[PDB]
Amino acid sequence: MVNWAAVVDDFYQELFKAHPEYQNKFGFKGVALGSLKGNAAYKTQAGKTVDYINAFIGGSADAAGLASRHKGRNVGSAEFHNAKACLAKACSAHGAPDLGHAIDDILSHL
C-alpha cells in the first residue's frame, strides 16, 4: 500500500506554504505548519483527503460532489489548479502515482 497519509501530509505542507491564506478556511486556521499533525481538526481533514484519494483509485470518487462542496466554501478553479501543482510534488516526493487526473475530474465541474 502506497503511504497516502504521508503523501497528503506533504500535500498540505506544500499547499499552505504556497498559499497560507487557504488555511484560514479550515478548523486548524492559525496552527503552525510543523504542528499540524498534532491538531485534531487537521487529523480529521487529512483523513478525509486520504479517503477521497482511495475512493478515486477504487473507482468510487464523486468529483461532482467534491466540486460542489468546494464551491460551497468559495473554493474554485484557481485554487484547484494550485492544488494540482502541490499534489504532484507530494506524490513525486513519495514515488507515488500522480493524481492529476483526479484533480482534472474535479476541475471539470468548477
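Quick note: we count residues from 1 along the sequence shown, nothing fancier.
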Once average C-alpha B-factors are taken from the entry for 77 to 85 and 60 to 68, the winner is 77 to 85
Quick one: say whether 100 to 108 or 3 to 11 has the higher mean Cα B-factor in the deposited entry.
100 to 108
Among the modelled residues of its chain, the C-alpha B-factor of residue 47 falls in the third labelled lowest
Among modelled residues of the same chain, the CA temperature factor third for residue 92:
highest
